[PDB]
Every structure is written in C-alpha cells, then in structure tokens.
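Trainee: Got a structure for you, written out below as structure tokens; questions coming shortly.
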Amino acid sequence: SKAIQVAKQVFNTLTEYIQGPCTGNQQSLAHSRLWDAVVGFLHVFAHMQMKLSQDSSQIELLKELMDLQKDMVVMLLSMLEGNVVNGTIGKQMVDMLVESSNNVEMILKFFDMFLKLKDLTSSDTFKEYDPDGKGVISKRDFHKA
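For the sequence shown, PDB author numbering assigns the number 3908 to the initial residue and increments by one for each residue that follows.
Below, the structure is given as structure tokens:
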C-alpha cells in the first residue's frame, strides 16, 4: 500500500507539469521514457486485478490499486489535450497501446464482468429466481441464472 501511494503521488505531479497546456513541457516528456513506464504499469494492473478479486482481505487493497488505475489515465488524458487529428502525441499513444496489445484486453474483459451486475440484479426474471428478495439467493440457482 505504501509503494502505490508514492507512485500515485508522483503521477499527480506529472499531470501538473502538463495540464495547463504548456506545449513544450509535453514535447519534452513525450520524447522521454515515460511510455516505457506506463506500459509496464498496465501489465501490473491486468494481472493483479484478477487475483486480488478473490477474497475480501485483498479488496481493501484493491481499492488503492483501482485508485491508481484511475490516476494513471488522467495523466495520459492530459497529454492529448493539444492534438489536431493525426497528431504526433496521438500517434505514439496508440503505439504504447499496440506494443502493449495483449494486456490491455484483460482489464476491458474485467470491467465487463461487474458492469452487467446491476441490470441482471435489476431484472425481475432474476429478482424472483430463488427468493422474493432478502439479501440472499443461492449458489446453484445463482449458477444457472
């Protein structure tokens, strides 16, 4: 937990060098080894989000991993805010998505799991499946539903 907070707080002070769109300060950062640092950070997130979503002892930890995951993309959102269309900084950001192809799809397929959780719970074909409604359904009837 203490190793994430320093990576989060160093990510915040990377945004503030960029945000008010000082264009030279995002030229000289796009030519650095920033992209190598954020390529490896996704590789942590795609693997870690599965295995810490197995017990409630890690779900205290996973919120801090989720919080850094939000705090990473706010930075590279702030690199894009001076583009035109086929802009240079727009091109390289696809490059660290293609040179990091295989690992960005684990989190997208991870977010699809819990986004469908609301309406299946909000579907009356499921709402009266085992119970009427109390805080309890089943495992085997929850399986087939």
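Every residue gets a Cβ at the ideal spot worked out from N, C-alpha and C, and that includes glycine.
Measure how close the beta-carbons of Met3986 and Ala3937 come, nearest whole angstrom, since I'm counting them as under 8 angstroms.
Mentor: In the sequence shown, the residue the question calls residue 3986 occupies position 79. In the sequence shown, the residue the question calls residue 3937 occupies position 30. Their Cβ separation, rounded to whole angstroms, is 7 angstroms, which keeps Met3986 and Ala3937 in contact under 8 angstroms.
Trainee: Measure the Cβ-Cβ separation of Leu4027 and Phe4033 and say whether it is below 8 angstroms.
Mentor: Within the sequence shown, numbered from 1, the residue matching residue 4027 stands at position 120. Within the sequence shown, numbered from 1, the residue matching residue 4033 stands at position 126. Cβ atoms of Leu4027 and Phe4033: closer than 8 angstroms.
Trainee: Cutting at 7 angstroms between CB atoms, please list the residues of its own chain near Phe3948, excluding the five before and the five after it.
Mentor: Counting from 1 along the sequence shown, the entry for residue 3948 is found at position 41. Same-chain partners within the cutoff: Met3979.
Trainee: Thinking just about the alpha-carbon of each residue, which of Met4000, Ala4052, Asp4019, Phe4021 is nearest to the one in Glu4035?
Mentor: Here residue 4035 is taken as the residue at index 128 of the sequence shown, counted from 1. Answer by Cα proximity: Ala4052.
Trainee: Should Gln3912 be labelled buried (16 or more other beta-carbon atoms within 10 Å of its own) or exposed?
Mentor: For the purposes of this step, residue 3912 is identified with residue 5 of the sequence shown, where counting begins at 1. Counting Cβ neighbours within 10 Å, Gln3912 comes out exposed, since fewer than 16 surround it.
Trainee: If distances are taken between C-alpha atoms only, which option among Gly4040, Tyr3924, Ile4044, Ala3914 comes closest to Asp3974?
Mentor: Along the sequence shown, read from residue 1 onward, the residue named residue 3974 stands at position 67. Ranking the options by Cα distance to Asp3974, first place goes to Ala3914.
Trainee: Residue range of the alpha helix (DSSP H) that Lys4034 falls in?
Mentor: Here residue 4034 refers to the residue found at position 127 of the sequence shown. Counting along the chain, the alpha helix (DSSP H) containing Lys4034 begins and ends at 4031-4034.
Trainee: Could you check the C-alpha separation between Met3957 and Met4013 for me, to the nearest Å?
Mentor: Start at 1 with the first residue of the sequence shown, and residue 3957 comes out as number 50. Start at 1 with the first residue of the sequence shown, and residue 4013 comes out as number 106. Their Cα atoms are separated by approximately 9 angstroms.
Trainee: Quick check for students: name the residue ranges of the alpha helix (DSSP H) that lie wholly in the stretch 3984-4027, counting only runs of 4 or more.
Mentor: 3995-4005, 4008-4022
Trainee: Would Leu3968 and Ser3960 qualify as a contact pair, given that the criterion is a beta-carbon distance under 8 angstroms?
Mentor: The sequence position of residue 3968 within the sequence shown is 61, counting from 1. The sequence position of residue 3960 within the sequence shown is 53, counting from 1. The beta carbons of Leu3968 and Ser3960 sit no closer together than 8 angstroms.
Trainee: Distance check for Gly3927 and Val3946, CA to CA, integer angstroms please.
Mentor: Taking the sequence shown and counting its residues from 1, one reaches residue 3946 at position 39. Taking the sequence shown and counting its residues from 1, one reaches residue 3927 at position 20. A straight line joining the alpha-carbon of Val3946 with that of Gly3927 spans about 25 angstroms.
Trainee: Report back the beta-carbon spacing between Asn3932 and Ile3925 to the nearest angstrom; my notes put them in contact at under 8 angstroms.
Mentor: Here residue 3932 corresponds to residue number 25 of the sequence shown, with the count starting at 1. Here residue 3925 corresponds to residue number 18 of the sequence shown, with the count starting at 1. Under the criterion of beta carbons closer than 8 angstroms, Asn3932 and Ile3925 qualify as touching, at roughly 6 angstroms.
Trainee: Please tell me whether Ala3953 and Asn4010 are closer than 8 angstroms, where the distance is taken between their beta carbons.
Mentor: Along the sequence shown, read from residue 1 onward, the residue named residue 3953 stands at position 46. Along the sequence shown, read from residue 1 onward, the residue named residue 4010 stands at position 103. Yes, Cβ-Cβ distance for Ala3953 and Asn4010 is below 8 angstroms.
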